[PDB]
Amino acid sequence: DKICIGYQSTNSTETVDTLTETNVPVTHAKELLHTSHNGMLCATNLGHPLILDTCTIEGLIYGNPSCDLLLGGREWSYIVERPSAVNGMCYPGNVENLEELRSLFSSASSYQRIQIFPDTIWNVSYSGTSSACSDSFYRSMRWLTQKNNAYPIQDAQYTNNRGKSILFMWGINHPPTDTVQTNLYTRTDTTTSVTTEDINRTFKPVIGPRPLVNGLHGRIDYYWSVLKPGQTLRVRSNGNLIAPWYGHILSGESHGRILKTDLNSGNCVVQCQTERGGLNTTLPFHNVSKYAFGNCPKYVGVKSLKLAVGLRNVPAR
């Protein structure tokens, strides 16, 4: 008669690694790394993403005439700029501090337009347009030009009483010739100033032909700033100014991401979203992407993190 102490053995093919040995057979193990995603762009706990398929963020902000669908304002969890989004600044020119602008914008979770300067306040023409801009112009600004061969000094003011910051835009036109400069502003030497209690910016035109872009030799330098609650914006110009028309009230905080992909979007909701797809899991890690955002596990760059649960699996035979 005898009594023996022993331990379990199974047909498990699970293995785990240790520092002093690898591929140790174990009776039970738990994979801690989640490696699957749904291959789609979905909504997160913060809502649906703002998917821009024809307009770039700055195109929307400046109101490129091809982005009218966005005029009513939106709210988002995150932003997606499809590679097809090519409508940004239709009229040749650059946006100063573009990265900061796009960052500031994407960080909010919504925008709502607000009129700063009504068309009536001007004593000069305000409906200038361009073929580079669908024979129209930006919905955020007005291309001021002479009326009746006169361009009196323009001096307008707007006080932010919305109790919320207003993102506003403006530009300075640089005609390709002195003739065009005069035909539009009545003078070759102008001065434009955009000011508030904090900023004090002034601009002067520099006539001359730049390389062709969208068929034009001229340019418009684009600028932006933020009128804080209570502050007063004031613009004075005797020519060359592309006046603020509508601004945006930014609110909330989103995931603050800008994904640049053509990944398919679907009618879905996930805890964690990445540019490759989303996922749901209770496992502590994942290897889908370091850019994951939302309610996520910790990203780790490996194929597996198998934790031993049972004991070393030793075959009797």
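A residue's number is simply how far along the shown sequence it sits, counting from 1.
- The PDB entry records a higher mean C-alpha B factor for 176-184 than for its counterpart among 113-121 and 176-184.
- For the pair 103-111 and 212-220, the mean Cα B-factor is higher in 212-220.
- Per the PDB entry, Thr196 shows the highest C-alpha temperature factor of the residues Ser225, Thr196, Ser140, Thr129.
- Which of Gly72, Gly171, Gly88, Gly239 has the largest Cα B-factor in the deposited entry comes down to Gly239.
- The PDB entry assigns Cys55 a C-alpha temperature factor belonging to the middle third of its chain's modelled residues.
- The deposited CA B-factor of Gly247 belongs to the lowest third of values across its chain.
- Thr27 sits in the lowest third of its chain by CA B factor, as recorded in the PDB entry.
- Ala316 sits in the highest third of its chain by CA B factor, as recorded in the PDB entry.
- Per-chain ranking of the deposited C-alpha B factor places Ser136 in the middle third.
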